[PDB]
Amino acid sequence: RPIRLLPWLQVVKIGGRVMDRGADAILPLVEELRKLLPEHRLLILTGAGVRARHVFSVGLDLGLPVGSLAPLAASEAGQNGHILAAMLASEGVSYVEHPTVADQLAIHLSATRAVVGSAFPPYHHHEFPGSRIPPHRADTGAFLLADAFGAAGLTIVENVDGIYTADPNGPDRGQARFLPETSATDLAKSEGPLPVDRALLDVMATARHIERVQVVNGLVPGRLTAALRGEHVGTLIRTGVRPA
């Protein structure tokens, strides 16, 4: 088994659609994050949200390949990260670039309590072919990092309570049953949309350290605080990493 590089680290991924709600959603989340700073050492990673859909719409209309779209969407996650970091600047928090996250996170988390980065992985023009939509997005990037570091946890902060049997905002609203607990293998066998990347389920299958990931609703204050303490307030996804 590989060693844990930063065993004391907590990684939090904030969905781009949470950021897309603006001040109504960001201000209570910022206030909750401020209160968490003295409790944990955090790597906060942001997703892309709706602006990545607009750039996919233009990019696909121009016929651009999947490797062209990947860095364009990643830029949106980076911009959400600069917005979130600016809101926490007075607390000593800043946005750090991917090379800094990859090689110097330890020194940055010694200087301050949290840093913000883009959750997108730097696959760029070397994105895998197959789909016209880049498969390695924000949930996948956040998990790859969390598992590579051997982090204490990974929490995914969404605009929904967790994973449902169908899209709770889609045509099948009435058939959507909440799943309090699931496994990566069980979700992989399912058809239908998910609020997490499908590639996340693939990387969870080969995970070395992270045993569970929780998907929580960032629109309900207190849920992120509770999830970071291990409380069951959303959907728990078991990765298939067996403990001792």
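Quick note: we count residues from 1 along the sequence shown, nothing fancier.
Trainee: On average, are the C-alpha B-factors higher in 48-56 or in 191-199?
Mentor: Mean C-alpha B-factor is greater for 191-199.
Trainee: Would you determine, from the values in the PDB entry, which of 171-179 and 202-210 has the greater average C-alpha temperature factor?
Mentor: Comparing 202-210 with 171-179, the higher average CA B-factor belongs to 171-179.
Trainee: Reading the B-factor column of the entry, which of 138, 166, 87, 151 has the highest value at its C-alpha atom?
Mentor: Answer for 138, 166, 87, 151: 166, with the highest C-alpha B-factor.
Trainee: Using the B-factors in the PDB entry, rank residue 234's C-alpha atom against the chain and give the third, lowest, middle or highest.
Mentor: It belongs to the middle third of the chain when residues are ordered by C-alpha B-factor.
Trainee: Please place residue 162 in the lowest, middle or highest third of its chain by C-alpha B factor as given in the entry.
Mentor: Residue 162: CA B-factor falls in the highest third of its chain.
Trainee: When the modelled residues of the chain are sorted by Cα temperature factor, does residue 186 land in the lowest, middle or highest third?
Mentor: Highest third, going by the recorded CA B-factors of the chain.
Trainee: Looking at the temperature factor on the CA atom of residue 19, which third of the chain's modelled residues does it land in?
Mentor: Ranked within chain, residue 19 CA B lands in the middle tercile.
Trainee: Ordered by C-alpha B-factor within the chain, which third holds residue 25? Give me lowest, middle or highest, please.
Mentor: Within its chain, residue 25 is a highest-third residue by C-alpha B-factor, going by the deposited values.
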